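What follows is the content of my_file-v1.tsv, which has TSV, C-alpha atoms and all ligand atoms:
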```tsv
chain	number	residue	atom	x	y	z
R	57	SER	CA	15.99	17.73	9.02
R	58	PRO	CA	13.39	16.92	6.33
R	59	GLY	CA	14.02	13.20	7.00
R	60	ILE	CA	13.85	13.34	10.81
R	61	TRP	CA	11.02	11.76	12.79
R	62	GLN	CA	10.37	11.19	16.49
R	63	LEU	CA	8.51	8.20	17.94
R	64	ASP	CA	6.18	8.78	20.87
R	65	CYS	CA	4.04	6.38	22.86
R	66	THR	CA	1.07	7.42	25.02
R	67	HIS	CA	-1.71	5.58	26.86
R	68	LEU	CA	-5.50	5.88	26.75
R	69	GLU	CA	-8.43	3.57	27.68
R	70	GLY	CA	-6.02	0.78	28.63
R	71	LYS	CA	-4.49	0.81	25.14
R	72	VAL	CA	-1.39	2.30	23.57
R	73	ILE	CA	-1.28	5.06	20.97
R	74	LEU	CA	1.89	4.97	18.91
R	75	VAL	CA	2.77	8.27	17.25
R	76	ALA	CA	5.42	9.32	14.72
R	77	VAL	CA	6.06	13.07	14.52
R	78	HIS	CA	7.84	14.82	11.65
R	79	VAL	CA	9.99	17.11	13.76
R	80	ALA	CA	10.31	20.08	11.38
R	81	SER	CA	6.56	20.28	10.55
R	82	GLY	CA	4.64	18.81	13.48
R	83	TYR	CA	2.88	16.42	11.07
R	84	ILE	CA	1.91	13.10	12.66
R	85	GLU	CA	0.87	9.56	11.91
R	86	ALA	CA	-0.57	7.35	14.65
R	87	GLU	CA	-1.99	3.92	15.40
R	88	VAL	CA	-3.68	2.15	18.30
R	89	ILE	CA	-2.05	-1.09	19.50
R	90	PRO	CA	-2.72	-3.39	22.48
R	91	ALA	CA	0.81	-2.85	23.78
R	92	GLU	CA	4.11	-1.40	22.62
R	93	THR	CA	6.23	-4.32	21.43
R	94	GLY	CA	9.24	-4.39	19.11
R	95	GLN	CA	7.14	-6.15	16.48
R	96	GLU	CA	4.38	-3.51	16.53
R	97	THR	CA	6.93	-0.67	16.50
R	98	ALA	CA	8.84	-2.30	13.62
R	99	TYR	CA	5.67	-2.68	11.55
R	100	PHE	CA	4.65	0.93	12.27
R	101	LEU	CA	8.05	2.16	11.06
R	102	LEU	CA	7.84	0.09	7.87
R	103	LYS	CA	4.45	1.68	7.11
R	104	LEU	CA	5.76	5.16	7.83
R	105	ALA	CA	8.89	4.78	5.69
R	106	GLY	CA	6.86	3.47	2.75
R	107	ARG	CA	4.77	6.64	2.87
R	108	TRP	CA	7.36	9.40	3.66
R	109	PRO	CA	11.15	9.64	3.13
R	110	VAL	CA	12.24	8.63	6.65
R	111	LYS	CA	15.99	9.09	7.08
R	112	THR	CA	16.33	9.17	10.85
R	113	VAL	CA	14.06	8.06	13.67
R	114	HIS	CA	14.52	9.14	17.27
R	115	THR	CA	13.14	6.14	19.12
R	116	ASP	CA	10.83	6.65	22.09
R	117	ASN	CA	12.61	4.41	24.62
R	118	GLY	CA	15.50	1.99	25.11
R	119	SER	CA	13.48	-1.18	24.55
R	120	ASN	CA	12.60	-0.12	21.00
R	121	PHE	CA	16.15	1.21	20.54
R	122	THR	CA	17.41	-2.27	21.53
R	123	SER	CA	14.73	-4.41	19.83
R	124	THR	CA	16.20	-6.69	17.17
R	125	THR	CA	12.94	-6.54	15.19
R	126	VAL	CA	13.03	-2.72	15.25
R	127	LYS	CA	16.68	-2.82	14.18
R	128	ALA	CA	15.77	-5.24	11.35
R	129	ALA	CA	12.99	-2.93	10.13
R	130	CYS	CA	15.23	0.14	10.24
R	131	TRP	CA	17.87	-1.74	8.25
R	132	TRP	CA	15.27	-2.97	5.74
R	133	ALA	CA	13.77	0.50	5.25
R	134	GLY	CA	17.06	2.42	5.17
R	135	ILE	CA	16.34	4.23	8.44
R	136	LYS	CA	19.04	5.49	10.81
R	137	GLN	CA	17.83	4.56	14.26
R	138	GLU	CA	18.89	7.01	16.95
R	139	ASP	CA	18.09	7.58	20.61
R	140	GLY	CA	15.40	10.12	21.52
R	141	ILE	CA	17.26	11.55	24.51
R	142	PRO	CA	16.14	15.17	24.95
R	143	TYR	CA	19.59	16.81	24.66
R	144	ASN	CA	17.55	19.94	24.08
R	145	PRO	CA	15.46	19.63	27.30
R	146	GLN	CA	12.47	21.42	25.69
R	147	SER	CA	11.87	18.05	23.94
R	148	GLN	CA	10.29	16.31	26.97
R	149	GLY	CA	7.85	19.25	27.22
R	150	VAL	CA	7.03	19.46	23.49
R	151	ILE	CA	6.14	15.73	23.39
R	152	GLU	CA	4.20	16.03	26.65
R	153	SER	CA	2.28	18.98	25.17
R	154	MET	CA	1.59	16.99	22.01
R	155	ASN	CA	0.22	14.01	23.94
R	156	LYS	CA	-2.04	16.32	25.96
R	157	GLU	CA	-3.27	18.03	22.79
R	158	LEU	CA	-3.89	14.67	21.03
R	159	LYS	CA	-5.90	13.33	23.96
R	160	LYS	CA	-7.90	16.56	24.04
R	161	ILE	CA	-8.76	16.21	20.35
R	162	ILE	CA	-9.62	12.55	20.90
R	163	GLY	CA	-11.95	13.63	23.71
R	164	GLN	CA	-13.64	16.15	21.40
R	165	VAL	CA	-14.40	13.46	18.79
R	166	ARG	CA	-14.67	10.43	21.07
R	167	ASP	CA	-18.48	10.23	20.99
R	168	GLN	CA	-18.65	10.24	17.16
R	169	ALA	CA	-17.07	6.77	16.90
R	170	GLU	CA	-17.30	3.54	18.88
R	171	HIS	CA	-13.70	2.34	18.43
R	172	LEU	CA	-10.77	4.27	19.88
R	173	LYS	CA	-8.78	3.63	16.69
R	174	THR	CA	-11.36	5.60	14.68
R	175	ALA	CA	-11.21	8.52	17.13
R	176	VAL	CA	-7.41	8.48	16.97
R	177	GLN	CA	-7.48	8.75	13.16
R	178	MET	CA	-9.99	11.62	13.38
R	179	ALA	CA	-7.56	13.33	15.75
R	180	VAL	CA	-4.67	12.74	13.31
R	181	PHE	CA	-6.82	14.33	10.61
R	182	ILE	CA	-7.73	17.35	12.76
R	183	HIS	CA	-4.14	17.88	13.92
R	184	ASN	CA	-2.58	17.66	10.46
R	185	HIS	CA	-5.16	20.02	8.91
R	186	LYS	CA	-5.21	22.64	11.71
R	187	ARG	CA	-4.12	26.10	10.60
R	188	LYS	CA	-1.44	27.61	12.88
R	193	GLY	CA	-0.99	30.41	8.45
R	194	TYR	CA	0.07	26.92	7.31
R	195	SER	CA	-1.01	23.46	8.53
R	196	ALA	CA	1.38	20.65	9.49
R	197	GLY	CA	0.34	18.76	6.33
R	198	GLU	CA	1.22	21.77	4.19
R	199	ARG	CA	4.53	22.27	6.02
R	200	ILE	CA	5.74	18.68	5.61
R	201	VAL	CA	5.00	18.69	1.87
R	202	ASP	CA	6.77	22.08	1.40
R	203	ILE	CA	9.78	21.01	3.47
R	204	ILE	CA	10.26	17.75	1.54
R	205	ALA	CA	9.56	19.39	-1.85
R	206	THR	CA	12.16	22.09	-1.16
R	207	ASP	CA	14.56	19.28	-0.24
R	208	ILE	CA	13.88	17.45	-3.53
R	209	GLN	CA	14.67	20.56	-5.62
A	57	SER	CA	-5.88	16.54	-10.04
A	58	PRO	CA	-3.51	16.84	-7.04
A	59	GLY	CA	-6.44	15.83	-4.78
A	60	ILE	CA	-7.64	12.84	-6.83
A	61	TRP	CA	-7.31	9.26	-5.61
A	62	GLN	CA	-8.57	5.90	-6.90
A	63	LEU	CA	-9.56	2.98	-4.68
A	64	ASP	CA	-8.65	-0.53	-5.81
A	65	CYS	CA	-9.31	-3.90	-4.23
A	66	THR	CA	-7.38	-7.08	-5.06
A	67	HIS	CA	-7.20	-10.59	-3.58
A	68	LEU	CA	-4.29	-12.71	-2.35
A	69	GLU	CA	-3.94	-15.72	0.00
A	70	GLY	CA	-7.68	-15.66	0.75
A	71	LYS	CA	-7.45	-12.07	1.99
A	72	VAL	CA	-8.17	-8.66	0.54
A	73	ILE	CA	-5.63	-5.95	-0.24
A	74	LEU	CA	-7.17	-2.50	-0.26
A	75	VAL	CA	-5.20	0.08	-2.24
A	76	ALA	CA	-5.52	3.86	-2.70
A	77	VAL	CA	-3.64	5.28	-5.70
A	78	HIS	CA	-2.81	8.95	-6.18
A	79	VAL	CA	-3.75	9.16	-9.84
A	80	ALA	CA	-1.32	11.88	-10.98
A	81	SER	CA	1.78	10.31	-9.30
A	82	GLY	CA	1.17	6.58	-9.01
A	83	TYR	CA	1.90	6.80	-5.26
A	84	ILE	CA	0.01	4.22	-3.20
A	85	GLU	CA	-1.11	3.34	0.30
A	86	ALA	CA	-2.42	-0.15	1.06
A	87	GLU	CA	-3.74	-2.39	3.82
A	88	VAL	CA	-4.68	-6.05	4.27
A	89	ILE	CA	-8.23	-6.74	5.52
A	90	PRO	CA	-10.24	-9.97	5.96
A	91	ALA	CA	-12.89	-8.72	3.54
A	92	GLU	CA	-13.95	-5.49	1.81
A	93	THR	CA	-16.76	-4.03	3.91
A	94	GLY	CA	-18.07	-0.46	4.06
A	95	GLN	CA	-16.66	-0.13	7.58
A	96	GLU	CA	-13.14	-1.20	6.55
A	97	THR	CA	-13.24	1.03	3.45
A	98	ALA	CA	-14.50	4.00	5.51
A	99	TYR	CA	-11.72	3.58	8.07
A	100	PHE	CA	-9.09	3.28	5.30
A	101	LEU	CA	-10.32	6.54	3.74
A	102	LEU	CA	-10.23	8.35	7.08
A	103	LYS	CA	-6.59	7.29	7.52
A	104	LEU	CA	-5.70	8.34	3.99
A	105	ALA	CA	-7.36	11.77	4.25
A	106	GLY	CA	-5.61	12.49	7.56
A	107	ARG	CA	-2.27	11.90	5.83
A	108	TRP	CA	-2.75	13.49	2.36
A	109	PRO	CA	-5.10	16.23	1.04
A	110	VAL	CA	-7.78	13.95	-0.45
A	111	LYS	CA	-10.33	15.98	-2.42
A	112	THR	CA	-11.92	13.31	-4.59
A	113	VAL	CA	-12.00	9.52	-4.38
A	114	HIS	CA	-13.02	7.30	-7.28
A	115	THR	CA	-14.53	4.35	-5.44
A	116	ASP	CA	-13.69	0.82	-6.53
A	117	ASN	CA	-17.23	-0.58	-6.81
A	118	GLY	CA	-20.91	0.19	-6.29
A	119	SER	CA	-21.16	-1.34	-2.83
A	120	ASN	CA	-18.59	1.11	-1.45
A	121	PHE	CA	-20.14	3.89	-3.54
A	122	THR	CA	-23.49	3.08	-1.86
A	123	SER	CA	-22.24	2.27	1.67
A	124	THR	CA	-23.67	4.65	4.26
A	125	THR	CA	-20.54	4.25	6.40
A	126	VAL	CA	-18.33	5.16	3.41
A	127	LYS	CA	-20.58	8.13	2.70
A	128	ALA	CA	-20.35	9.18	6.37
A	129	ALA	CA	-16.54	9.01	6.28
A	130	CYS	CA	-16.32	10.98	3.05
A	131	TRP	CA	-18.59	13.64	4.56
A	132	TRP	CA	-16.55	13.70	7.79
A	133	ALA	CA	-13.22	14.00	5.95
A	134	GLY	CA	-14.37	16.50	3.30
A	135	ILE	CA	-13.99	14.00	0.45
A	136	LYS	CA	-16.04	14.10	-2.75
A	137	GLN	CA	-17.00	10.50	-3.42
A	138	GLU	CA	-17.29	9.65	-7.10
A	139	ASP	CA	-17.73	6.51	-9.17
A	140	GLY	CA	-14.64	4.81	-10.59
A	141	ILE	CA	-16.20	3.94	-13.94
A	142	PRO	CA	-13.39	3.82	-16.54
A	143	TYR	CA	-14.78	6.45	-18.93
A	144	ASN	CA	-11.23	6.47	-20.24
A	145	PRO	CA	-11.10	2.68	-20.94
A	146	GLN	CA	-7.31	2.55	-20.34
A	147	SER	CA	-8.25	2.74	-16.63
A	148	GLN	CA	-9.29	-0.94	-16.32
A	149	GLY	CA	-5.91	-1.91	-17.78
A	150	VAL	CA	-3.82	0.50	-15.67
A	151	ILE	CA	-5.40	-0.84	-12.44
A	152	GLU	CA	-5.05	-4.44	-13.67
A	153	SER	CA	-1.37	-3.75	-14.43
A	154	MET	CA	-0.90	-2.21	-10.98
A	155	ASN	CA	-2.42	-5.21	-9.21
A	156	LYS	CA	-0.20	-7.56	-11.21
A	157	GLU	CA	2.88	-5.47	-10.38
A	158	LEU	CA	1.96	-5.30	-6.66
A	159	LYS	CA	1.49	-9.06	-6.44
A	160	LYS	CA	4.83	-9.56	-8.21
A	161	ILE	CA	6.59	-7.32	-5.67
A	162	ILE	CA	4.80	-9.12	-2.85
A	163	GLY	CA	6.06	-12.42	-4.30
A	164	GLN	CA	9.62	-11.06	-4.38
A	165	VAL	CA	9.52	-10.16	-0.66
A	166	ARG	CA	7.05	-12.78	0.55
A	167	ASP	CA	9.67	-15.04	2.16
A	168	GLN	CA	11.23	-12.22	4.23
A	169	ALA	CA	8.12	-11.89	6.45
A	170	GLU	CA	5.62	-14.30	7.97
A	171	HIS	CA	2.50	-12.10	7.77
A	172	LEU	CA	1.03	-11.00	4.45
A	173	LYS	CA	0.42	-7.51	5.88
A	174	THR	CA	4.17	-7.06	6.39
A	175	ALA	CA	4.91	-8.15	2.81
A	176	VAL	CA	2.25	-5.75	1.51
A	177	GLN	CA	3.87	-2.82	3.34
A	178	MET	CA	7.29	-3.82	1.96
A	179	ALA	CA	5.72	-3.77	-1.50
A	180	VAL	CA	4.21	-0.31	-0.83
A	181	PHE	CA	7.69	0.85	0.17
A	182	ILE	CA	9.36	-0.63	-2.92
A	183	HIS	CA	6.70	0.76	-5.28
A	184	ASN	CA	6.73	4.29	-3.87
A	185	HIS	CA	10.57	4.48	-3.90
A	186	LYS	CA	11.12	2.93	-7.36
A	187	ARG	CA	12.81	5.29	-9.80
A	188	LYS	CA	10.99	5.44	-13.16
A	193	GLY	CA	14.06	9.53	-13.01
A	194	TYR	CA	11.56	10.45	-10.27
A	195	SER	CA	9.80	8.08	-7.86
A	196	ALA	CA	6.07	8.11	-7.11
A	197	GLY	CA	6.85	9.46	-3.61
A	198	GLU	CA	8.81	12.34	-5.12
A	199	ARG	CA	6.09	13.04	-7.69
A	200	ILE	CA	3.24	13.23	-5.17
A	201	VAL	CA	5.15	15.65	-2.93
A	202	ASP	CA	6.10	17.87	-5.94
A	203	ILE	CA	2.56	17.84	-7.33
A	204	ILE	CA	0.98	18.83	-4.00
A	205	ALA	CA	3.71	21.39	-3.20
A	206	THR	CA	3.21	23.07	-6.59
A	207	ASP	CA	-0.52	23.13	-5.79
A	208	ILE	CA	0.09	24.79	-2.40
A	209	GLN	CA	2.11	27.57	-4.13
Z	1	LIG	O1	0.97	20.76	20.30
Z	1	LIG	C1	1.59	20.00	19.57
Z	1	LIG	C2	3.04	20.07	19.24
Z	1	LIG	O2	3.82	20.76	19.87
Z	1	LIG	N1	3.21	19.21	18.16
Z	1	LIG	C3	4.50	18.68	17.85
Z	1	LIG	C4	5.35	19.61	17.06
Z	1	LIG	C5	6.70	19.37	17.07
Z	1	LIG	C6	7.56	20.18	16.37
Z	1	LIG	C7	7.06	21.24	15.65
Z	1	LIG	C8	5.71	21.50	15.63
Z	1	LIG	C9	4.85	20.69	16.34
Z	1	LIG	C10	3.42	21.03	16.27
Z	1	LIG	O3	3.09	22.11	16.83
Z	1	LIG	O4	2.67	20.22	15.66
Z	1	LIG	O5	5.14	22.55	14.93
Z	1	LIG	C11	6.12	23.31	14.24
Z	1	LIG	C12	7.26	22.44	13.79
Z	1	LIG	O6	7.95	22.03	14.96
Z	1	LIG	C13	2.06	18.41	18.02
Z	1	LIG	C14	1.82	17.32	17.21
Z	1	LIG	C15	0.57	16.73	17.29
Z	1	LIG	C16	-0.40	17.23	18.15
Z	1	LIG	BR1	-2.11	16.45	18.29
Z	1	LIG	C17	-0.16	18.31	18.95
Z	1	LIG	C18	1.08	18.87	18.85
Z	2	LIG	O1	-18.01	7.61	13.68
Z	2	LIG	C1	-17.58	6.70	13.00
Z	2	LIG	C2	-17.85	5.26	13.19
Z	2	LIG	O2	-18.67	4.90	14.03
Z	2	LIG	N1	-17.02	4.62	12.27
Z	2	LIG	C3	-17.41	3.45	11.56
Z	2	LIG	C4	-18.04	2.40	12.39
Z	2	LIG	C5	-19.24	1.92	11.92
Z	2	LIG	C6	-19.90	0.94	12.61
Z	2	LIG	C7	-19.35	0.45	13.77
Z	2	LIG	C8	-18.15	0.93	14.24
Z	2	LIG	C9	-17.47	1.92	13.56
Z	2	LIG	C10	-16.18	2.42	14.10
Z	2	LIG	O3	-16.22	3.18	15.11
Z	2	LIG	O4	-15.13	2.04	13.52
Z	2	LIG	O5	-17.57	0.45	15.41
Z	2	LIG	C11	-18.09	-0.86	15.62
Z	2	LIG	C12	-19.58	-0.73	15.70
Z	2	LIG	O6	-20.09	-0.55	14.39
Z	2	LIG	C13	-16.34	5.55	11.46
Z	2	LIG	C14	-15.48	5.38	10.40
Z	2	LIG	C15	-14.97	6.53	9.81
Z	2	LIG	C16	-15.35	7.77	10.30
Z	2	LIG	BR1	-14.78	9.43	9.66
Z	2	LIG	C17	-16.21	7.93	11.35
Z	2	LIG	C18	-16.68	6.79	11.90
Z	3	LIG	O1	2.19	-0.40	-12.75
Z	3	LIG	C1	1.62	0.37	-11.99
Z	3	LIG	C2	0.76	1.53	-12.38
Z	3	LIG	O2	0.33	1.67	-13.51
Z	3	LIG	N1	0.60	2.27	-11.21
Z	3	LIG	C3	-0.51	3.18	-11.08
Z	3	LIG	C4	-0.25	4.48	-11.76
Z	3	LIG	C5	-1.35	5.23	-12.11
Z	3	LIG	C6	-1.20	6.44	-12.74
Z	3	LIG	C7	0.07	6.90	-13.01
Z	3	LIG	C8	1.18	6.16	-12.66
Z	3	LIG	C9	1.02	4.95	-12.03
Z	3	LIG	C10	2.25	4.22	-11.68
Z	3	LIG	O3	2.93	3.79	-12.65
Z	3	LIG	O4	2.50	4.09	-10.46
Z	3	LIG	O5	2.48	6.58	-12.90
Z	3	LIG	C11	2.56	7.94	-13.32
Z	3	LIG	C12	1.32	8.72	-12.97
Z	3	LIG	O6	0.22	8.12	-13.64
Z	3	LIG	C13	1.02	1.51	-10.11
Z	3	LIG	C14	0.91	1.74	-8.76
Z	3	LIG	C15	1.43	0.79	-7.90
Z	3	LIG	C16	2.04	-0.35	-8.39
Z	3	LIG	BR1	2.76	-1.66	-7.24
Z	3	LIG	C17	2.16	-0.58	-9.74
Z	3	LIG	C18	1.64	0.38	-10.56
Z	4	LIG	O1	10.46	-9.77	7.85
Z	4	LIG	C1	9.87	-9.20	8.74
Z	4	LIG	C2	9.14	-9.83	9.85
Z	4	LIG	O2	9.20	-11.05	10.00
Z	4	LIG	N1	8.49	-8.76	10.50
Z	4	LIG	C3	8.17	-8.69	11.87
Z	4	LIG	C4	7.77	-9.98	12.48
Z	4	LIG	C5	8.55	-10.43	13.51
Z	4	LIG	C6	8.24	-11.60	14.14
Z	4	LIG	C7	7.15	-12.32	13.72
Z	4	LIG	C8	6.36	-11.86	12.68
Z	4	LIG	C9	6.66	-10.68	12.04
Z	4	LIG	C10	5.80	-10.19	10.92
Z	4	LIG	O3	5.88	-10.78	9.81
Z	4	LIG	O4	5.05	-9.22	11.18
Z	4	LIG	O5	5.25	-12.56	12.26
Z	4	LIG	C11	4.76	-13.25	13.40
Z	4	LIG	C12	5.84	-14.20	13.81
Z	4	LIG	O6	6.91	-13.49	14.42
Z	4	LIG	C13	8.88	-7.53	9.96
Z	4	LIG	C14	8.56	-6.24	10.33
Z	4	LIG	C15	9.10	-5.21	9.57
Z	4	LIG	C16	9.93	-5.54	8.51
Z	4	LIG	BR1	10.76	-4.34	7.37
Z	4	LIG	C17	10.25	-6.82	8.15
Z	4	LIG	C18	9.69	-7.79	8.91
```
Please go through the file and, once you have read it, give me the structure as structure tokens.
Amino acid sequence: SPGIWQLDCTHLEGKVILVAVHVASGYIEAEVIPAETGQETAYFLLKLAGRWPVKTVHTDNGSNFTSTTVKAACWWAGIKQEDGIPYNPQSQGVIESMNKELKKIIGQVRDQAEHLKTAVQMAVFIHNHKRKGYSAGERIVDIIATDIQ
Amino acid sequence: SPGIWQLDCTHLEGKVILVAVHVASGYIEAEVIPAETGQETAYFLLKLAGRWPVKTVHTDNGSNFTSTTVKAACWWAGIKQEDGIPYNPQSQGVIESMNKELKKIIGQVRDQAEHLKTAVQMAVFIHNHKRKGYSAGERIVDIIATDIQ
């Protein structure tokens, strides 16, 4: 479980927000892209796996699951690509709740920046630092550190 | 020291590679940009600080140190912006050595991808996973986890 991530794609202002969630911690990374393509998804996964020890990725849909470019990136980066089918049905709802929360945070900061991408990164910051008392950022580090020992 | 990062800017193929180094671990994040502007640097720091607990950044030059946009981002993200003057003169050399090593890794992967940005992210991956035996990725997590506890 310390190496497990979930991809998630949501839409705002006619653009796409691509999100990777560390399942055990709730920590996220995100980017704005014009549209979800295999190439964009593959590049996003390469960035993620260079930054955190990504063992398994639950892909967000069948097109990315199928994409040869995504498969090439997962091979390159040593990532096991899996489906993201909510076998535990509470998964649909958890992701849905996350997307709603992210968009809410984006709305709270939206006026501080001109570009959506800036507002998205502010929202990533706010989410990962929020005290729930540990934050997601603290949890991911502790989880992986425990795993290393 | 767990919160201390150093910015570094290097050039390749007529483009700019912006690098943030976690001083205590040697862990890096990097991006390709057309040119090093305050706005690009500010955005890069926002991304970094949303992902890792950035307390202090040693800026790479006086223009970024002075930039109002960089100062605004450091304020927003709770980052103490400092100079990057090598008071310990081995700093010039360590950064120089890093840039040389990065470019070498980029050269080793360059043919596998068309875009420089992809090759840079492959090099980030290879650097952060390389066993020196701990890797930089392992060191940064351990350092921050120890700090949390
Ligand atoms: O509300 C949520 C949520 O459920 N998560 C996802 C999540 C998944 C699994 C978890 C989570 C979270 C989380 O609450 O961040 O927390 C404990 C560990 O298990 C979010 C992530 C980003 C943003 Br913005 C909002 C949320
Ligand atoms: O609020 C802004 C902002 O406007 N940007 C920078 C910026 C400066 C000038 C611009 C900008 C932006 C931007 O929103 O990226 O958009 C194009 C118009 O001119 C930020 C970067 C980091 C952080 Br934290 C906050 C912000
Ligand atoms: O050769 C180096 C180097 O010195 N570092 C920077 C660095 C700074 C301080 C350290 C470092 C490193 C490092 O070797 O990564 O290692 C142990 C902790 O103290 C590099 C970072 C990325 C890449 Br690519 C190459 C290098
Ligand atoms: O080697 C490539 C590659 O070509 N890309 C993706 C890619 C696919 C098709 C392209 C690409 C790229 C790319 O280099 O980003 O460049 C534009 C021409 O058509 C990679 C993405 C992740 C990883 Br890991 C490796 C690679």
Practice item. Using all atoms listed in the file, find each protein or nucleic acid residue lying at most 9 Å from ligand LIG 3 (chain Z); present the set as a PyMOL selection string. Key: chain A and resi 62+75+77-85+147+149-162+179-180+182-184+188+195-196+199
Exercise for review: Using only C-alpha atoms, find which residues of chain R lie within 6 Å of chain A and jot them down as a PyMOL selection string.
Suggested key: chain R and resi 103+106+177+180-181+201-202+205
Exercise for review: Please measure the separation of atom CA of residue 70 of chain A and atom CA of residue 90 of chain A, giving the value in Å to one decimal.
Suggested key: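 Calculated distance between atom CA of residue 70 of chain A and atom CA of residue 90 of chain A is 8.1 Å.
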Practice item. Using all atoms listed in the file, find the one residue out of A:175, A:169, A:129, A:88 that sits nearest to ligand LIG 4 (chain Z). Key: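 Ranking A:175, A:169, A:129, A:88 by distance to ligand LIG 4 (chain Z), first place goes to A:169.
Closest to residue 163 of chain A among A:148, A:92, A:115, A:68 is A:68, based on all atoms listed in the file.
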Review point. Of the residues R:125, R:120, R:112, R:164, which is the one nearest to ligand LIG 1 (chain Z), using only C-alpha atoms and all ligand atoms?
Key: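 Among R:125, R:120, R:112, R:164, it is R:164 that comes nearest to ligand LIG 1 (chain Z).
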Point to revise | Counting all atoms listed in the file, the option among R:59, R:64, R:89, R:126 closest to ligand LIG 1 (chain Z) | key: R:64
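Atom CA of residue 139 of chain R sits 19.6 Å away from atom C2 of ligand LIG 1 (chain Z).
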Study note, to complete from the structure: The distance between atom CA of residue 165 of chain A and atom CA of residue 193 of chain A is 23.7 Å
Exercise for review: Please write as a VMD selection string the list of polymer residues whose atoms come within 7 Å of (-18.8, 9.2, -3.5), counting all atoms listed in the file and keeping to the coordinates of the file.
Suggested key: chain A and resid 113 115 121 127 136 to 139
